[PDB]
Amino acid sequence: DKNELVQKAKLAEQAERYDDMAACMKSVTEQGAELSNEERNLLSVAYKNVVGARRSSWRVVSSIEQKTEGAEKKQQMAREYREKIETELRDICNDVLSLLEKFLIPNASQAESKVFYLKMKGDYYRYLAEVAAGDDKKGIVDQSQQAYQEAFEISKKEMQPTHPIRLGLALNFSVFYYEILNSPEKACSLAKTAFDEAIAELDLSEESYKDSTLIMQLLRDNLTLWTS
């Protein structure tokens, strides 16, 4: 089966063995069939954990590298370690991105799916951007932007303002603006617009209601943080 591979994925997950988890979901996806919701959520959880360890490590090693502007033999080591880490992080981003292009985005048969995967493309190009160089960065940044912007176009047309997926896109695209493009006014109004539109369209099913409000809280937390 491949139902088997999904069951293995869930095991891995319960064992907090995210590399295993990611390897299962990679092969499920590569079986070529559109993923169920559950599967989509397993794939994404898997790769978030795999990539988040490298991001988190990268920030530690970068901080150290720069806080030792005086030592040298150390700066040489930290730097080389940062870049070993960056290599892992890139290969990961590349596998996810390749998976999105080859399988997930083309077969996405619902708008809810398409948006989900497009946002995901934006996120992964975003992590590629955070660790970009001085001769690749604008290329990667525009890729991130374009994925978010198409996802954003579709969700605005196809989905309700309280849609947790539509809301989550707005949270991540606004973060893209603040951190990647250094456009805080832009990040702010993207987040504010998405919060207010959800406030207006309050009349939101019972299931989603619970993730919606939360994300709205996160939107407002970023707004207030970014003020002053």
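Start at 1 with the first residue shown and count on from there. Here the rigid core means the biggest group of C-alpha atoms that line up within 1.5 Å when the two forms are laid on top of each other.
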Fill in: Farther-lying stretch by C-alpha RMS in 8 other deposited structures of this protein, rigid core as reference, of 109 to 117 and 72 to 80
72 to 80
Discussion item. I'd like to know which segment deviates more from the shown structure in 8 other deposited structures of this protein: 34 to 42 or 192 to 200, using C-alpha RMS over all structures and residues after a core fit.
Written reply: 192 to 200
Worksheet item: Counting only other entries that model residues on either side of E206, is it left out in at least a third?
Response: yes
Fill in: Entry-level comparison of average CA B-factors, 130 to 138 and 115 to 123, reporting the higher stretch
130 to 138
Response to the item:
As the entry reports it, the stretch among 20 to 28 and 204 to 212 with higher mean C-alpha B factor is 204 to 212
Item to complete: Check where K67 lands among this chain's C-alpha B-factors and tell me if it's the lowest, middle or highest third.
Response: highest
Item to complete: Give the position of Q149 by CA B-factor within its chain, expressed as the lowest, middle or highest third.
Response: lowest
Item to complete: Within this chain's modelled residues, let me know which third the CA B factor of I92 belongs to: lowest, middle or highest.
Response: lowest
Worksheet item: If you rank the chain by CA B-factor, which third does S174 end up in: lowest, middle or highest?
Response: lowest
Practice prompt. Please place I199 in the lowest, middle or highest third of its chain by C-alpha B factor as given in the entry.
Written response: highest
